[PDB]
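Working notes, structure below.
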Amino acid sequence: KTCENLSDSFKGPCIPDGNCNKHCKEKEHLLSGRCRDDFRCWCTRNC
C-alpha cells in the first residue's frame with residue numbers, strides 16, 4: 001500500500017520529466033512525487 005502527503009517545502013514550476021519525485025526521493029527518500037497548480041506537491045510513500 002501507499003499514501004500521499006504534502007511535501008515539506010516544494011515550490012516552483014513542475015516539469016514533464018518529474019521534479020517532485022527526485023525531490024521527495026532525494027530528501028524523504030520516498031517512492032515518488034507530483035506537483036499541482038495549487039503550488040503544492042504530493043509525495044507517495046509506503047503505508
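Within each chain, counting starts at residue 1; across the C-alpha cells, chains are named A, B, ... in the order shown, with ligands numbered 1 upward in that order.
On the backbone of this structure, DSSP gives helix (DSSP H, G or I) within chain A to residues 20, 21, 22, 23, 24, 25 and 26 of chain A.
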Which residues are near residue 45 (chain A)? Cut-off 12 Å, only C-alpha atoms, ignore same chain within fewer than 6 positions. Put them as a ChimeraX atom specification.
/A:1-7,21,24-25,28-34
Would you output that residue set with N, CA and C atoms, as a tab-separated table (two decimals), in the first residue's frame?
chain	number	residue	atom	x	y	z
A	1	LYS	N	0.83	-1.20	0.00
A	1	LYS	CA	0.00	0.00	0.00
A	1	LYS	C	0.86	1.26	0.00
A	2	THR	N	0.27	2.38	-0.39
A	2	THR	CA	0.99	3.65	-0.44
A	2	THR	C	0.07	4.81	-0.07
A	3	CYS	N	0.65	5.85	0.51
A	3	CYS	CA	-0.12	7.03	0.91
A	3	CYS	C	0.46	8.29	0.28
A	4	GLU	N	-0.36	9.34	0.21
A	4	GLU	CA	0.07	10.61	-0.37
A	4	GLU	C	0.02	11.73	0.67
A	5	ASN	N	1.10	12.50	0.75
A	5	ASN	CA	1.18	13.60	1.70
A	5	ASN	C	1.87	14.81	1.08
A	6	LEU	N	1.52	16.00	1.56
A	6	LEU	CA	2.11	17.24	1.05
A	6	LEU	C	3.59	17.31	1.38
A	7	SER	N	4.40	17.71	0.40
A	7	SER	CA	5.84	17.82	0.58
A	7	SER	C	6.17	18.80	1.71
A	21	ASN	N	9.32	14.03	-7.75
A	21	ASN	CA	9.79	12.69	-7.40
A	21	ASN	C	11.22	12.74	-6.87
A	24	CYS	N	11.37	14.43	-3.25
A	24	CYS	CA	10.98	13.59	-2.11
A	24	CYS	C	11.76	12.28	-2.11
A	25	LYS	N	12.37	11.96	-3.25
A	25	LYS	CA	13.15	10.74	-3.38
A	25	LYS	C	14.59	10.96	-2.93
A	28	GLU	N	13.19	12.88	1.40
A	28	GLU	CA	12.45	11.95	2.24
A	28	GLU	C	12.62	10.51	1.74
A	29	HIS	N	13.38	10.36	0.66
A	29	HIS	CA	13.63	9.04	0.09
A	29	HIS	C	12.33	8.26	-0.07
A	30	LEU	N	11.31	8.93	-0.60
A	30	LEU	CA	10.00	8.30	-0.80
A	30	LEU	C	9.96	7.56	-2.14
A	31	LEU	N	8.77	7.08	-2.50
A	31	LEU	CA	8.59	6.36	-3.75
A	31	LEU	C	8.61	7.32	-4.94
A	32	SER	N	7.78	8.35	-4.87
A	32	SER	CA	7.70	9.34	-5.94
A	32	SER	C	6.96	10.59	-5.47
A	33	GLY	N	6.77	11.54	-6.38
A	33	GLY	CA	6.08	12.77	-6.04
A	33	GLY	C	5.44	13.42	-7.25
A	34	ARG	N	4.50	14.33	-7.00
A	34	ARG	CA	3.80	15.02	-8.07
A	34	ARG	C	3.46	16.45	-7.66
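Residues in contact range of residue 10 (chain A), defined as at most 8 Å between only C-alpha atoms, with sequence neighbours fewer than 3 positions away removed, read residues 7, 20, 39, 40 and 41 of chain A.
Between CA of residue 23 (chain A) and CA of residue 47 (chain A) lies a distance of 19.1 Å.
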Rounded to one decimal, what separation in Å do you get between CA of residue 17 (chain A) and CA of residue 38 (chain A)?
19.0 Å
From region 1-35 of chain A, collect each residue whose DSSP state is strand (DSSP E or B) and return the set as a PyMOL selection string.
chain A and resi 2-6+32-35
Store the residues picked out above, limited to N, CA, C and O atoms, as a compact mmCIF listing (two decimals), in the first residue's frame.
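This is the output file result-v3.txt:
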# COMPACT_ATOMS: atom_id res chain seq x y z
N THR A 2 0.27 2.38 -0.39
CA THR A 2 0.99 3.65 -0.44
C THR A 2 0.07 4.81 -0.07
O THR A 2 -1.14 4.76 -0.31
N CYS A 3 0.65 5.85 0.51
CA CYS A 3 -0.12 7.03 0.91
C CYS A 3 0.46 8.29 0.28
O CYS A 3 1.62 8.32 -0.14
N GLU A 4 -0.36 9.34 0.21
CA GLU A 4 0.07 10.61 -0.37
C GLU A 4 0.02 11.73 0.67
O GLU A 4 -0.97 11.88 1.38
N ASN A 5 1.10 12.50 0.75
CA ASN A 5 1.18 13.60 1.70
C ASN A 5 1.87 14.81 1.08
O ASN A 5 2.69 14.67 0.17
N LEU A 6 1.52 16.00 1.56
CA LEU A 6 2.11 17.24 1.05
C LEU A 6 3.59 17.31 1.38
O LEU A 6 4.01 17.02 2.50
N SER A 32 7.78 8.35 -4.87
CA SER A 32 7.70 9.34 -5.94
C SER A 32 6.96 10.59 -5.47
O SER A 32 6.56 10.69 -4.31
N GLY A 33 6.77 11.54 -6.38
CA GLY A 33 6.08 12.77 -6.04
C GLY A 33 5.44 13.42 -7.25
O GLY A 33 5.78 13.11 -8.39
N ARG A 34 4.50 14.33 -7.00
CA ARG A 34 3.80 15.02 -8.07
C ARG A 34 3.46 16.45 -7.66
O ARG A 34 3.09 16.71 -6.51
N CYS A 35 3.58 17.38 -8.60
CA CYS A 35 3.28 18.78 -8.34
C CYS A 35 1.85 19.12 -8.74
O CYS A 35 1.21 18.38 -9.48
